[PDB]
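Residue numbers (this note's numbering), protein chains in the order written: chain A, 67 to 127; chain B, 479 to 550. Cβ atoms here follow ideal geometry from the backbone N, Cα and C, with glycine treated the same way.
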Amino acid sequence: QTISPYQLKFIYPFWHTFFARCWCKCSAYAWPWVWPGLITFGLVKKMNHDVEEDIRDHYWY
Amino acid sequence: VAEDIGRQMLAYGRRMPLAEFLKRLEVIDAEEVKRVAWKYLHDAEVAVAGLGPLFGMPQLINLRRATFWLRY
Ligand SMILES: CCCCCCCCCCCCCCCCCC(=O)OC[C@H](COP(=O)([O-])OCC(O)COP(=O)([O-])OC[C@@H](COC(=O)CCCCCCCCCCCCCCCCC)OC(=O)CCCCCCCCCCCCCCCCC)OC(=O)CCCCCCCCCCCCCCCCC
Ligand SMILES: CCCCCCCCCCCCCCCCCC(=O)OC[C@H](COP(=O)([O-])OCC(O)COP(=O)([O-])OC[C@@H](COC(=O)CCCCCCCCCCCCCCCCC)OC(=O)CCCCCCCCCCCCCCCCC)OC(=O)CCCCCCCCCCCCCCCCC
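What follows is the structure, given as structure tokens:
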């Protein structure tokens with residue numbers, strides 16, 4: 067059974083189910099994408115902190 | 479004939495004589511057909527029912543947009 071698109075609300079259904087769809091997508095991506103990203107971000111900071119200290123142990127008096 | 483009498487008495491409230499029907503049918507030409515179809519059938523809603531091996535059936539929207547032409 068299918069209804070003609072000229073006889074349906076076609077934007078309200080998107081928002082009626084917004085919270086359920088957003089929960090499903092964001093829950094799926096959390097562990098696999100976010101957890102490795104936080105680790106990569108931290109490594110970027112540790113790297114930049116060791117570069118500065120290494121410049122002063124060689125050039126500063 | 480009896481079916482024609484009874485059916486017309488309920489539908490129209492009267493029986494139409496044969497001569498009247500033929501007079502109304504005579505003055506309908508191609509330009510009057512175009513007027514009526516443009517008003518009721520052109521770019522209109524359709525309903526569909528089917529049964530059997532229907533793997534190659536058109537989409538409802540295909541049938542809906544075949545009610546108008548893009549040529550002209
Ligand atoms: C941040 C940028 C992104 C955009 C903004 C953010 C996104 C949301 C904006 C708000 C739009 C949605 C409004 C609510 C829903 C409306 C439809 C509807 O069904 O509502 C009634 C419906 C209930 O009604 P109903 O009684 O059940 O059914 C009634 C209908 O018959 C039901 O019938 P239907 O379901 O078949 O549909 C009805 C139909 C009929 O709707 C109408 O009423 C017809 C309206 C005709 C006009 C259409 C809009 C055209 C606008 C173009 C721009 C202007 C041009 C003019 C010249 C401008 C010159 C400056 O609806 C429409 O067609 C919707 C038209 C609006 C489209 C959105 C336009 C947004 C942008 C506007 C500005 C342009 C962009 C900027 C560029 C220009 C400036 C630089 O309620 C809902 O749908 C729930 C509402 C809750 C949802 C809204 C959530 C908002 C918050 C989330 C977003 C937060 C920001 C972004 C976060 C993410 C990024 C970080
Ligand atoms: C420097 C930059 C300059 C760039 C400028 C280039 C030109 C840009 C053109 C922009 C056009 C935008 C409007 C698009 C509407 C298309 C026509 C339409 O409504 O189709 C309805 C047509 C039938 O609708 P229906 O709902 O099935 O039936 C309703 C009625 O019951 C059916 O009632 P019916 O039986 O009376 O109707 C039968 C149907 C006949 O239906 C058919 O049997 C199929 C019709 C063919 C598909 C529609 C034409 C568009 C196909 C795109 C081809 C692009 C090739 C790219 C190659 C580039 C090489 C560099 O009648 C027609 O539509 C006849 C054609 C009308 C005369 C020609 C005007 C339209 C041509 C549009 C442009 C294509 C030529 C560009 C070539 C570029 C070469 C450099 O829809 C389809 O066939 C479905 C798919 C359509 C896809 C459309 C894609 C549009 C893209 C156009 C852009 C062209 C790309 C140019 C690239 C340039 C790079 C250098």
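Boundaries of the alpha helix (DSSP H) around A:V110: 101-125.
The three-state secondary structure of B:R485, taken from DSSP, is helix.
In this structure, the CA atom of B:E523 is about 29 Å from the CA atom of B:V505. Relative to ligand 1, even the nearest heavy atom lies 7 Å or more away from the CB of B:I506. With the criterion set as a beta carbon lying under 8 Å from some beta carbon of chain B, the members of the region 67-80 of chain A are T68, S70, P71, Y72, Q73, in sequence order.
The DSSP-derived three-state label of A:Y95 is helix. Within chain A, the C-beta atoms nearer than 9 Å to that of B:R542 come from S70, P71, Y72, in chain order.
Set against 7 Å, the gap from the CB of A:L104 to the closest heavy atom of ligand 2 is not smaller. Taking a cut-off of 8 Å on C-beta distances, the region 534-550 of chain B touches the region 68-81 of chain A, as three or more cross pairs fall below it.
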